[PDB]
Amino acid sequence: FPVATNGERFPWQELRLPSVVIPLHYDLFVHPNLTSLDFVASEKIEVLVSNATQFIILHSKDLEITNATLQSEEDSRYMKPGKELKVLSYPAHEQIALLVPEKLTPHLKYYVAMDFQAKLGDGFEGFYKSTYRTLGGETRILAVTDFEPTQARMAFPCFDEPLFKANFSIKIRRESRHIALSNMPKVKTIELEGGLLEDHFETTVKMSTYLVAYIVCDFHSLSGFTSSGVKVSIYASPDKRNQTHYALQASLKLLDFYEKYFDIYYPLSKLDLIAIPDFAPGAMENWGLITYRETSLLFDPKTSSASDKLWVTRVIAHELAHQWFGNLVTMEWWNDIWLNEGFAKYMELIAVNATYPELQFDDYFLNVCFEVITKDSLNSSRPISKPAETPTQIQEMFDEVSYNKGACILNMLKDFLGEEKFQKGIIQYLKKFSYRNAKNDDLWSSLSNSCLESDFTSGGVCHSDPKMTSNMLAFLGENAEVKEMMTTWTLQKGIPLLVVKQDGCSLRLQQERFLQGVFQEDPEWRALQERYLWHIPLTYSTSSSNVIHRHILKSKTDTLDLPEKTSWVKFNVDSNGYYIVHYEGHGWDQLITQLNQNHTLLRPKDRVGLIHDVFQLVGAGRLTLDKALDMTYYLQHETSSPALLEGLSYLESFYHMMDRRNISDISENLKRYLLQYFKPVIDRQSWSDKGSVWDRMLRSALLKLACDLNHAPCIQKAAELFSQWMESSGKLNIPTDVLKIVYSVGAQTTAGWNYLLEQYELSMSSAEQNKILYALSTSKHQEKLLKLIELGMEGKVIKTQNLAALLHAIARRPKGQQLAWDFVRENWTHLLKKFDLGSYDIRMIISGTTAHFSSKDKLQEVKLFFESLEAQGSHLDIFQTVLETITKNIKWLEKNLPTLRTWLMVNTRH
Ligand SMILES: *[C@@H]1O[C@H](CO)[C@@H](O[C@@H]2O[C@H](CO)[C@@H](O[C@@H]3O[C@H](CO)[C@@H](O)[C@H](O)[C@@H]3O)[C@H](O)[C@H]2NC(C)=O)[C@H](O)[C@H]1NC(C)=O
Ligand SMILES: *[C@@H]1O[C@H](CO)[C@@H](O[C@@H]2O[C@H](CO)[C@@H](O)[C@H](O)[C@H]2NC(C)=O)[C@H](O)[C@H]1NC(C)=O
Ligand SMILES: *[C@@H]1O[C@H](CO)[C@@H](O[C@@H]2O[C@H](CO)[C@@H](O)[C@H](O)[C@H]2NC(C)=O)[C@H](O)[C@H]1NC(C)=O
Ligand SMILES: O=C(NO)[C@@H](Cc1ccc(F)cc1)C(=O)NCc1ccccc1
Ligand SMILES: *[C@@H]1O[C@H](CO)[C@@H](O)[C@H](O)[C@H]1NC(C)=O
Ligand SMILES: *[C@@H]1O[C@H](CO)[C@@H](O)[C@H](O)[C@H]1NC(C)=O
Ligand SMILES: *[C@@H]1O[C@H](CO)[C@@H](O)[C@H](O)[C@H]1NC(C)=O
Ligand SMILES: *[C@@H]1O[C@H](CO)[C@@H](O)[C@H](O)[C@H]1NC(C)=O
Ligand SMILES: *[C@@H]1O[C@H](CO)[C@@H](O)[C@H](O)[C@H]1NC(C)=O
Ligand SMILES: *[C@@H]1O[C@H](CO)[C@@H](O)[C@H](O)[C@H]1NC(C)=O
Ligand SMILES: [Zn+2]
């Protein structure tokens, strides 16, 4: 089939490279010029051929290839130096061919050199340009890589697949006012004739091309050493060095934890962490040199909040985890990308807990799971492992399914097997697959066949010579059943719904595929129920016993039998499992009255899980909005902030939902209910930074809710801070837990909104900037909102890396959803300039501007617009996902709007 760039048959037909030429080592020399804003470069690839061949296939993109040569030392036809090579392009596969004068030899090593050149990229991918503001008003330039998944090929030609691991030797030629960083430490610096310098770096360990990295910049650092002797450096532009302190501590402590828990030393002399001014993802896990958004890494007590400190701990923890789960062990291909991204997400939980339990990140994890259930309960969801091929289909694989769900599934497991067995299984996995790859099954066989104690040969279990007890019968047997289980969770899209009926001291269990916007008898429903079956490890506790009993489904139905009768049953203890529970008969009722009478009788995660499931079931039509709203009545005595905030979030979301649609009467009663109830808690609240972290997080949430509902004291107190701050011209300090609230109130007048846009450009805290841009985005004046979008498109005052977040900010407010939607449709083509397709930024631009729509009206416009984008060849998965979400909203209103109008009215009466 293939017909290449300038006539002529491209030897290769398939999208994945040929598995016949194996690279081994890369000599790579880069000479970027940052006044010309370009680079020239060169490389030598030591390959090993396995079957004889006359063509060499390798990726490349937007790379002008000057020379091309094949040497060797084991083949005489190719000894130094010749001959030059036949290079042939094919942009449609980002592949090039090397056509060779004469067939090569099985099991012999040849050397592919090549000169190639290009312009510094100008959008977040490959080897690209970035700029920053000094404290003085100066604007400087740096050159950065981001290659994951497939943009190495834009930077130097290579065999871009994660399987093709190789050593990397790297040299960077630079000017004296710049340093240069890469994955490895700097071995040598040679002074040069004109006066340039050339840096050499230790040849890397075996690694994938997407992890290669080099930076050229004038940054500063703070450094510290690990227990195990790793040098750790936090790099940041010079007038910001002192926002790198927390990162230094956190990384050191976290890297120390990771070596212990994994029982594998981080393998490299140094570990650099650099905050990049223009960075599209939040961070990139480059072995030896991790890159970060400024907001993901820097921290400043005067102006960052405690949720910010929690976000920086999170992201640092996520990255450093990747050094094992991703860099040391890498996914065989992008279908199992979750072996990378699921584990890093989940190891956040573990490592942040272990190293910083005063951050309470253990509570907040349930949020990871609730967020993915949203998407996982629509039919436009996917299995965590599905095939992938296009650059676009690979980027798409990076979503809350491969991240959050993988983390959740894995957390389930940890509960089932217990920490000690889980941990043991991980340490095996990593040791076994060090410096190479794994596919899904590898991860389970290891987690399955995990080992204890080790108990020292003499009994047994794990050794060359273990005995054969009546335990070894099930060790090899139960472990093999754990594997049969997880394979369900990785191959089947969706999430199971357990139904629990309590007639007698016996419990009947049914199992279904939980779906939202689809009642137990729509026409839709049966088809979606078809083949689905899970291996759900369940737990439960009763009122008569706070003992944790465990049991495993089994098929569509099953029956357990309690000791004694009891008031209530409560399945999924702490909701450590990936299933929704529905209680039939009087189940919800008993459980609810139990909350109002003595809620401490239920574990506080049980409370969070119950609140979550009760509202989720309303959506699936197995419950009515009144039973759920009824269960919020207990919140007035609730003291665990997880449970309060979760409950408040459902009420706060209904309000915002009603506000969009101009349903003033429900909007206004809802406002009234929230302020009159919850008035005790709203008012126990300092405008301070005092208290723990859930305390601080409660204060922000409750103080926001008050100011969102124009509760005049709260509005007055806020504005009375903004005034003192604007007059003192910054010399006065606003607590960080209220910064966003005060700015938002302040931004309601043109005097305020102006002063704030000003402070935006001057700020050295990228976190304060974050808060200011939110406040700015809450003006009513549509002129101002539009200025913000404009500015953000230019990319000068407001970086374009911020634009998706700001369209979403604007869109979710009533005075800005039309503007946002109009803008996205009228500037689509321009947005495809600025961003991939592909990108995270495009997906947040699409769904942050449409997914909150709730009218068949809006559903109409969005459905066309997507179809308009279809044909042009723009297909994303976010298209169906969004439309399925808009519809879920519409059905929800259809089936529950009256019931919400009435519940409130009733309440007013009582
Ligand atoms: C490409 O990376 C591989 C690893 O992925 C490098 O292999 C490593 O280097 C040598 C093997 O030649 C081994 O060195 C060991 O180090 C200690 C001192 O720390 C020394 O005393 C021992 O006697 C031993 O030689 C090391 O075990 C090995 N590691 C692995 C995992 O294979 C290889 O060097 C790299 N290739 C190039 C060209 O740099
Ligand atoms: C990048 O290119 C610029 C010019 O294209 C180089 O700057 C010149 O360097 C020469 C000798 O090194 C000086 O005599 C000139 O005065 C420089 N020009 C200016 C405008 O200052 C620069 O050295 C190159 N850098 C690299 C790393 O290649
Ligand atoms: C988070 O950390 C805490 C404490 O570090 C773990 O909680 C348990 O603490 C008690 C102390 O009385 C002990 O049973 C163990 O240290 C911990 N439990 C177990 C079963 O080992 C908690 O397990 C951690 N959370 C996660 C998800 O690992
Ligand atoms: O996983 C991460 N670094 O490894 C980054 C994002 C990233 C995206 C694509 C890449 F190729 C590399 C990194 C992250 O935490 N991102 C936030 C996020 C949340 C949910 C889905 C996707 C991203
Ligand atoms: C490559 O060689 C192996 C045997 O060494 C065999 O599969 C066949 O001859 C070749 N296969 C391909 C796909 O070229
Ligand atoms: C590249 O080709 C030019 C053309 O003559 C030659 O002079 C030069 O030596 C070549 N360089 C490399 C690195 O192959
Ligand atoms: C910045 O560094 C200075 C020392 O130059 C230090 O006193 C200060 O605490 C750091 N933080 C800020 C926000 O300036
Ligand atoms: C549900 O998903 C499957 C798999 O993508 C698809 O074939 C089917 O058409 C979908 N049905 C509906 C009603 O969305
Ligand atoms: C709730 O139950 C516990 C357990 O006995 C008890 O200590 C507490 O006083 C009870 N509170 C109420 C209001 O019943
Ligand atoms: C809400 O509806 C009323 C009904 O006439 C209308 O006058 C008002 O402008 C609407 N408000 C918004 C914000 O659309
Ligand atoms: Zn990650």
# chains A, B, ... in the order shown; residues from 1 in each chain; ligands from 1
$ residues_near_ligand --ligand "ligand 1" --cutoff "8 Å" --atoms "only C-alpha atoms and all ligand atoms" --output "VMD selection string"
chain A and resid 25 166 to 168 203 to 207 434 to 435
$ write_last_selection --atoms "C-alpha atoms" --output "PDB file, in the first residue's frame"
ATOM      1  CA  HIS A  25      22.413   3.177  22.503  1.00  0.00           C
ATOM      2  CA  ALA A 166      18.070   2.221  25.168  1.00  0.00           C
ATOM      3  CA  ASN A 167      21.001   3.944  26.906  1.00  0.00           C
ATOM      4  CA  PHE A 168      21.275   7.673  26.148  1.00  0.00           C
ATOM      5  CA  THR A 203      25.232   7.868  29.567  1.00  0.00           C
ATOM      6  CA  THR A 204      21.730   7.090  30.924  1.00  0.00           C
ATOM      7  CA  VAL A 205      20.499   3.727  32.090  1.00  0.00           C
ATOM      8  CA  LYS A 206      18.244   1.696  29.795  1.00  0.00           C
ATOM      9  CA  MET A 207      15.136   3.850  29.209  1.00  0.00           C
ATOM     10  CA  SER A 434      13.415  -3.428  36.292  1.00  0.00           C
ATOM     11  CA  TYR A 435      14.812  -1.756  33.162  1.00  0.00           C
TER      12      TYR A 435
END
$ residues_near_ligand --ligand "ligand 10" --cutoff "8 Å" --atoms "only C-alpha atoms and all ligand atoms" --output "list in words"
residues 660, 661, 662, 663, 664, 814 and 815 of chain A
$ residues_near_ligand --ligand "ligand 7" --cutoff "8 Å" --atoms "only C-alpha atoms and all ligand atoms" --output "compact mmCIF listing (two decimals) with N, CA and C atoms, in the first residue's frame"
# COMPACT_ATOMS: atom_id res chain seq x y z
N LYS A 240 12.75 33.57 42.22
CA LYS A 240 11.76 32.71 42.85
C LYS A 240 12.38 31.57 43.69
N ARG A 241 13.69 31.66 43.94
CA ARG A 241 14.41 30.52 44.50
C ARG A 241 13.78 30.11 45.82
N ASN A 242 13.28 31.09 46.55
CA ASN A 242 12.81 30.87 47.91
C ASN A 242 11.39 30.34 48.00
N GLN A 243 10.76 30.08 46.86
CA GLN A 243 9.51 29.32 46.83
C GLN A 243 9.79 27.84 46.58
N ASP A 300 4.60 29.45 48.53
CA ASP A 300 4.96 30.65 49.26
C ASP A 300 3.95 30.91 50.36
N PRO A 301 4.41 30.88 51.60
CA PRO A 301 3.48 30.94 52.74
C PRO A 301 2.59 32.18 52.74
N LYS A 302 3.06 33.28 52.17
CA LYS A 302 2.34 34.54 52.27
C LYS A 302 1.16 34.57 51.28
$ residues_near_ligand --ligand "ligand 3" --cutoff "12 Å" --atoms "only C-alpha atoms and all ligand atoms" --output "PyMOL selection string"
chain A and resi 261+346-366+407-408+410-423+574+576
$ write_last_selection --atoms "N, CA and C atoms" --output "CSV table (one decimal), in the first residue's frame"
chain,number,residue,atom,x,y,z
A,261,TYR,N,9.9,1.7,50.9
A,261,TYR,CA,8.7,0.9,50.6
A,261,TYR,C,8.9,0.1,49.3
A,346,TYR,N,-2.2,6.2,42.8
A,346,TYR,CA,-2.5,5.5,44.0
A,346,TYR,C,-1.3,5.7,45.0
A,347,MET,N,-0.1,5.5,44.6
A,347,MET,CA,1.0,5.7,45.5
A,347,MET,C,1.1,7.2,46.0
A,348,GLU,N,0.2,8.0,45.6
A,348,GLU,CA,0.2,9.4,46.2
A,348,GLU,C,-0.4,9.1,47.6
A,349,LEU,N,-1.5,8.4,47.6
A,349,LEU,CA,-2.2,8.1,48.8
A,349,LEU,C,-1.2,7.5,49.8
A,350,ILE,N,-0.6,6.4,49.5
A,350,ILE,CA,0.4,5.8,50.4
A,350,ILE,C,1.5,6.7,50.8
A,351,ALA,N,2.2,7.4,49.9
A,351,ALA,CA,3.4,8.1,50.3
A,351,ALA,C,3.1,9.4,51.0
A,352,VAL,N,2.1,10.1,50.6
A,352,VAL,CA,1.7,11.3,51.3
A,352,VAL,C,1.2,11.0,52.8
A,353,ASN,N,0.4,9.9,52.9
A,353,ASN,CA,0.0,9.4,54.2
A,353,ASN,C,1.3,9.1,55.1
A,354,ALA,N,2.1,8.1,54.6
A,354,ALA,CA,3.3,7.8,55.3
A,354,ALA,C,4.2,9.0,55.7
A,355,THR,N,4.3,10.1,54.9
A,355,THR,CA,5.3,11.1,55.1
A,355,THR,C,4.7,12.4,55.6
A,356,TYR,N,3.4,12.6,55.5
A,356,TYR,CA,2.7,13.8,55.8
A,356,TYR,C,1.3,13.5,56.2
A,357,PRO,N,1.1,12.8,57.4
A,357,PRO,CA,-0.3,12.5,57.7
A,357,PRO,C,-1.1,13.7,58.2
A,358,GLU,N,-0.3,14.7,58.7
A,358,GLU,CA,-0.9,16.0,59.1
A,358,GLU,C,-1.6,16.8,57.9
A,359,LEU,N,-1.5,16.2,56.7
A,359,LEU,CA,-2.1,16.8,55.5
A,359,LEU,C,-3.4,16.2,55.2
A,360,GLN,N,-3.7,15.1,56.0
A,360,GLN,CA,-5.0,14.5,55.9
A,360,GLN,C,-5.4,14.0,54.5
A,361,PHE,N,-4.4,13.7,53.7
A,361,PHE,CA,-4.7,13.4,52.3
A,361,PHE,C,-5.4,12.0,52.3
A,362,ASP,N,-5.3,11.3,53.4
A,362,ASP,CA,-6.0,10.0,53.4
A,362,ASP,C,-7.6,10.2,53.3
A,363,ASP,N,-8.1,11.2,53.9
A,363,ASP,CA,-9.5,11.5,53.8
A,363,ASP,C,-9.9,11.7,52.4
A,364,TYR,N,-9.5,12.9,51.9
A,364,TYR,CA,-9.7,13.3,50.4
A,364,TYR,C,-9.5,12.3,49.3
A,365,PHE,N,-9.0,11.1,49.6
A,365,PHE,CA,-8.8,10.1,48.5
A,365,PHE,C,-10.1,9.7,47.9
A,366,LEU,N,-11.1,9.5,48.7
A,366,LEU,CA,-12.5,9.1,48.2
A,366,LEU,C,-13.0,9.9,47.1
A,407,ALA,N,-6.2,3.8,40.1
A,407,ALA,CA,-5.8,4.0,41.5
A,407,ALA,C,-6.8,3.4,42.4
A,408,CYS,N,-8.1,3.5,42.1
A,408,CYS,CA,-9.2,3.0,43.0
A,408,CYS,C,-9.2,1.5,43.0
A,410,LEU,N,-6.8,-0.5,42.4
A,410,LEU,CA,-5.7,-0.9,43.1
A,410,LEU,C,-5.8,-0.7,44.6
A,411,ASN,N,-6.6,0.2,45.0
A,411,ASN,CA,-6.8,0.5,46.5
A,411,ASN,C,-7.7,-0.6,47.1
A,412,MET,N,-8.7,-1.0,46.3
A,412,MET,CA,-9.5,-2.2,46.6
A,412,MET,C,-8.7,-3.4,47.0
A,413,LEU,N,-7.9,-3.9,46.0
A,413,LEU,CA,-6.9,-4.8,46.3
A,413,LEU,C,-6.1,-4.7,47.6
A,414,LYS,N,-5.5,-3.5,47.8
A,414,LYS,CA,-4.7,-3.3,49.0
A,414,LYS,C,-5.5,-3.7,50.2
A,415,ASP,N,-6.8,-3.4,50.2
A,415,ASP,CA,-7.7,-3.7,51.4
A,415,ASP,C,-7.9,-5.2,51.5
A,416,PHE,N,-8.2,-5.9,50.3
A,416,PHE,CA,-8.4,-7.3,50.2
A,416,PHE,C,-7.1,-8.1,50.7
A,417,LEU,N,-5.9,-7.8,50.2
A,417,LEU,CA,-4.7,-8.5,50.5
A,417,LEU,C,-4.0,-8.0,51.8
A,418,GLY,N,-4.3,-6.8,52.2
A,418,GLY,CA,-3.7,-6.2,53.4
A,418,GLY,C,-2.4,-5.6,52.9
A,419,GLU,N,-1.9,-4.6,53.6
A,419,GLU,CA,-0.8,-3.8,53.2
A,419,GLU,C,0.4,-4.7,53.0
A,420,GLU,N,0.7,-5.6,54.0
A,420,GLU,CA,1.9,-6.4,54.0
A,420,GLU,C,2.0,-7.3,52.8
A,421,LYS,N,0.9,-7.8,52.3
A,421,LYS,CA,1.0,-8.7,51.1
A,421,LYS,C,1.0,-7.8,49.9
A,422,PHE,N,0.2,-6.8,49.8
A,422,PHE,CA,0.2,-5.8,48.7
A,422,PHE,C,1.6,-5.3,48.5
A,423,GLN,N,2.2,-4.7,49.5
A,423,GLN,CA,3.6,-4.2,49.4
A,423,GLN,C,4.6,-5.2,48.9
A,574,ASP,N,-16.0,1.8,54.8
A,574,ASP,CA,-15.1,2.9,54.3
A,574,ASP,C,-15.2,3.2,52.8
A,576,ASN,N,-14.0,1.4,50.5
A,576,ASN,CA,-12.7,1.0,49.9
A,576,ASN,C,-12.9,0.1,48.7
$ residues_around --residues "range 210-215 of chain A" --least-positions-apart "3" --cutoff "6 Å" --atoms "only C-alpha atoms" --output "PyMOL selection string"
chain A and resi 143-145+147-148+152+180-183+286
$ write_last_selection --atoms "N, CA and C atoms" --output "mmCIF file, in the first residue's frame"
data_model
loop_
_atom_site.group_PDB
_atom_site.id
_atom_site.type_symbol
_atom_site.label_atom_id
_atom_site.label_comp_id
_atom_site.auth_asym_id
_atom_site.auth_seq_id
_atom_site.Cartn_x
_atom_site.Cartn_y
_atom_site.Cartn_z
ATOM 1 N N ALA A 143 14.675 26.671 26.944
ATOM 2 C CA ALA A 143 14.337 25.677 25.956
ATOM 3 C C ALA A 143 14.160 24.373 26.670
ATOM 4 N N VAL A 144 13.021 23.741 26.452
ATOM 5 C CA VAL A 144 12.563 22.658 27.297
ATOM 6 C C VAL A 144 12.103 21.544 26.400
ATOM 7 N N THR A 145 12.149 20.318 26.899
ATOM 8 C CA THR A 145 11.507 19.211 26.233
ATOM 9 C C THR A 145 10.251 18.746 26.973
ATOM 10 N N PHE A 147 8.117 15.173 25.861
ATOM 11 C CA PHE A 147 8.052 14.196 24.781
ATOM 12 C C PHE A 147 6.893 13.215 24.926
ATOM 13 N N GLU A 148 6.423 12.995 26.143
ATOM 14 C CA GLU A 148 5.370 12.005 26.313
ATOM 15 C C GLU A 148 4.013 12.424 25.701
ATOM 16 N N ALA A 152 9.132 12.775 21.144
ATOM 17 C CA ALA A 152 10.571 12.631 21.012
ATOM 18 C C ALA A 152 10.906 12.827 19.560
ATOM 19 N N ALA A 180 22.691 24.006 31.483
ATOM 20 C CA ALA A 180 21.936 23.033 30.720
ATOM 21 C C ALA A 180 21.776 21.801 31.582
ATOM 22 N N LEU A 181 20.573 21.253 31.570
ATOM 23 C CA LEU A 181 20.232 20.106 32.380
ATOM 24 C C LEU A 181 19.753 19.020 31.457
ATOM 25 N N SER A 182 19.940 17.771 31.842
ATOM 26 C CA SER A 182 19.383 16.653 31.116
ATOM 27 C C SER A 182 19.068 15.603 32.164
ATOM 28 N N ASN A 183 18.695 14.405 31.734
ATOM 29 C CA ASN A 183 18.312 13.362 32.668
ATOM 30 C C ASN A 183 19.404 13.107 33.677
ATOM 31 N N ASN A 286 10.112 12.786 33.643
ATOM 32 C CA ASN A 286 11.493 12.590 33.171
ATOM 33 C C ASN A 286 12.569 12.143 34.149
#
$ residues_near_ligand --ligand "ligand 6" --cutoff "12 Å" --atoms "only C-alpha atoms and all ligand atoms" --output "PyMOL selection string"
chain A and resi 29+40-44+65-71+80-85+112-116
$ residues_near_ligand --ligand "ligand 4" --cutoff "8 Å" --atoms "only C-alpha atoms and all ligand atoms" --output "ChimeraX atom specification"
/A:147-149,281-285,315,318-319,322,341,344-345,395,398-400,402-404,840
$ closest_residue --among "A:461, A:846, A:427, A:321" --to "ligand 11" --atoms "only C-alpha atoms and all ligand atoms"
A:321
$ select_by_dssp --residues "range 203-336 of chain A" --states "helix (DSSP H, G or I)" --output "number ranges by chain"
A: 209-211, 238-243, 245-262, 294-297, 306-322, 334-336
$ write_last_selection --atoms "C-alpha atoms" --output "short mmCIF file (atom, residue, chain, number, x, y, z; two decimals), in the first residue's frame"
data_model
loop_
_atom_site.label_atom_id
_atom_site.label_comp_id
_atom_site.auth_asym_id
_atom_site.auth_seq_id
_atom_site.Cartn_x
_atom_site.Cartn_y
_atom_site.Cartn_z
CA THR A 209 12.58 7.75 24.46
CA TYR A 210 9.58 9.65 25.93
CA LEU A 211 11.54 10.21 29.12
CA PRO A 238 16.18 33.21 39.95
CA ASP A 239 13.82 35.67 41.66
CA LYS A 240 11.76 32.71 42.85
CA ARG A 241 14.41 30.52 44.50
CA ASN A 242 12.81 30.87 47.91
CA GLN A 243 9.51 29.32 46.83
CA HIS A 245 11.99 25.31 50.01
CA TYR A 246 8.90 23.17 50.54
CA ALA A 247 9.60 21.15 47.38
CA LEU A 248 13.12 20.48 48.66
CA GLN A 249 11.81 19.08 51.95
CA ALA A 250 8.91 17.18 50.48
CA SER A 251 10.88 15.53 47.71
CA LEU A 252 13.75 14.38 49.98
CA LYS A 253 11.35 12.92 52.50
CA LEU A 254 9.22 11.39 49.77
CA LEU A 255 12.16 9.90 47.83
CA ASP A 256 13.44 8.45 51.11
CA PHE A 257 10.05 6.84 51.67
CA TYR A 258 9.90 5.43 48.19
CA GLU A 259 13.26 3.66 48.42
CA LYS A 260 12.12 2.02 51.69
CA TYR A 261 8.67 0.93 50.57
CA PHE A 262 9.86 -0.27 47.16
CA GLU A 294 5.13 26.58 38.64
CA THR A 295 1.79 26.05 40.47
CA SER A 296 2.60 22.33 40.89
CA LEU A 297 5.96 22.82 42.63
CA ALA A 306 -3.04 24.92 52.42
CA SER A 307 -4.89 23.19 49.60
CA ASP A 308 -2.05 24.47 47.38
CA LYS A 309 0.45 22.87 49.79
CA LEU A 310 -1.56 19.70 49.47
CA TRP A 311 -1.53 19.97 45.65
CA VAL A 312 2.24 20.47 45.55
CA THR A 313 2.73 17.51 47.86
CA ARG A 314 0.43 15.44 45.69
CA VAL A 315 2.10 16.29 42.37
CA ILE A 316 5.68 15.84 43.76
CA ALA A 317 4.55 12.51 45.16
CA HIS A 318 3.01 11.49 41.87
CA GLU A 319 6.13 12.29 39.93
CA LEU A 320 8.66 10.67 42.25
CA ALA A 321 6.53 7.51 42.19
CA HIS A 322 6.89 7.44 38.41
CA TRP A 334 0.06 2.63 25.47
CA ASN A 335 -2.85 0.19 25.93
CA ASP A 336 -1.65 -0.55 29.46
#
$ residues_around --residues "range 855-872 of chain A" --least-positions-apart "4" --cutoff "12 Å" --atoms "only C-alpha atoms" --output "PyMOL selection string"
chain A and resi 657-658+660-661+817-818+821-822+824-826+828-829+832+837+846-847+849-851+876-894
$ residues_near_ligand --ligand "ligand 2" --cutoff "7 Å" --atoms "only C-alpha atoms and all ligand atoms" --output "MDAnalysis selection string"
chainID A and resid 31:36 173:175 194:196
$ closest_atom_pairs --of "chain A" --to "ligand 9" --cutoff "9 Å" --atoms "only C-alpha atoms and all ligand atoms" --output "tab-separated table"
residue	atom	partner	partner_atom_place_in_ligand_line	distance
A:597	CA	ligand 9	14 (O)	6.3
A:598	CA	ligand 9	1 (C)	4.9
A:599	CA	ligand 9	1 (C)	7.5
A:600	CA	ligand 9	1 (C)	6.3
A:601	CA	ligand 9	2 (O)	6.3
$ residues_around --residues "residue 442 in chain A" --least-positions-apart "2" --cutoff "12 Å" --atoms "only C-alpha atoms" --output "ChimeraX atom specification"
/A:329-332,336,339,425-426,428-430,432-433,436-440,444-449,483,487
$ write_last_selection --atoms "N, CA and C atoms" --output "compact mmCIF listing (two decimals), in the first residue's frame"
# COMPACT_ATOMS: atom_id res chain seq x y z
N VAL A 329 10.13 0.56 35.51
CA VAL A 329 9.30 -0.42 34.83
C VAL A 329 8.34 0.35 33.92
N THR A 330 8.28 -0.01 32.65
CA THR A 330 7.53 0.81 31.71
C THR A 330 6.48 -0.06 31.05
N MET A 331 5.38 0.54 30.63
CA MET A 331 4.33 -0.22 30.01
C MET A 331 4.79 -0.70 28.65
N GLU A 332 4.47 -1.94 28.30
CA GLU A 332 4.88 -2.47 27.00
C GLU A 332 4.41 -1.62 25.82
N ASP A 336 -1.74 -0.30 28.04
CA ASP A 336 -1.65 -0.55 29.46
C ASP A 336 -1.01 0.64 30.15
N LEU A 339 -0.66 1.01 34.02
CA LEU A 339 0.42 0.46 34.86
C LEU A 339 1.38 1.56 35.26
N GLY A 425 4.01 -7.72 46.97
CA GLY A 425 3.73 -7.98 45.56
C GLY A 425 4.28 -6.91 44.63
N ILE A 426 4.29 -5.69 45.13
CA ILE A 426 4.81 -4.58 44.38
C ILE A 426 6.34 -4.71 44.29
N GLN A 428 8.15 -7.26 44.36
CA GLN A 428 8.49 -8.29 43.37
C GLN A 428 8.43 -7.70 41.98
N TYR A 429 7.24 -7.23 41.60
CA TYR A 429 6.94 -6.61 40.29
C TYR A 429 8.07 -5.76 39.78
N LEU A 430 8.43 -4.76 40.57
CA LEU A 430 9.49 -3.83 40.21
C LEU A 430 10.84 -4.51 40.03
N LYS A 432 11.53 -7.63 39.32
CA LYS A 432 11.46 -8.51 38.16
C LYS A 432 11.56 -7.77 36.84
N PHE A 433 10.92 -6.62 36.76
CA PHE A 433 10.75 -5.96 35.47
C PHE A 433 11.58 -4.71 35.35
N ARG A 436 12.98 -2.92 32.04
CA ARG A 436 12.30 -3.41 30.85
C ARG A 436 10.84 -3.13 30.99
N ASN A 437 9.99 -3.97 30.40
CA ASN A 437 8.57 -3.64 30.32
C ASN A 437 7.63 -4.70 30.92
N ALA A 438 6.40 -4.27 31.20
CA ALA A 438 5.34 -5.18 31.61
C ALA A 438 4.06 -4.85 30.86
N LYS A 439 3.25 -5.88 30.65
CA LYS A 439 1.89 -5.67 30.20
C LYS A 439 1.01 -6.09 31.36
N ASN A 440 -0.29 -5.86 31.22
CA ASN A 440 -1.21 -6.00 32.33
C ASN A 440 -1.04 -7.27 33.15
N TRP A 444 -0.51 -8.55 37.45
CA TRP A 444 -1.38 -9.36 38.29
C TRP A 444 -0.67 -10.61 38.79
N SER A 445 -0.08 -11.39 37.88
CA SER A 445 0.68 -12.60 38.23
C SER A 445 1.62 -12.33 39.39
N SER A 446 2.18 -11.13 39.39
CA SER A 446 3.05 -10.72 40.45
C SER A 446 2.25 -10.40 41.69
N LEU A 447 1.20 -9.59 41.54
CA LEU A 447 0.36 -9.21 42.67
C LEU A 447 -0.37 -10.43 43.20
N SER A 448 -0.80 -11.30 42.29
CA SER A 448 -1.34 -12.61 42.64
C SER A 448 -0.33 -13.40 43.46
N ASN A 449 0.74 -13.84 42.80
CA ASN A 449 1.77 -14.67 43.41
C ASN A 449 2.79 -13.88 44.23
N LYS A 483 -6.10 -13.21 40.63
CA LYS A 483 -5.80 -12.77 39.27
C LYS A 483 -7.03 -12.84 38.38
N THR A 487 -8.65 -9.13 36.41
CA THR A 487 -8.86 -9.17 34.97
C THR A 487 -10.27 -8.71 34.59
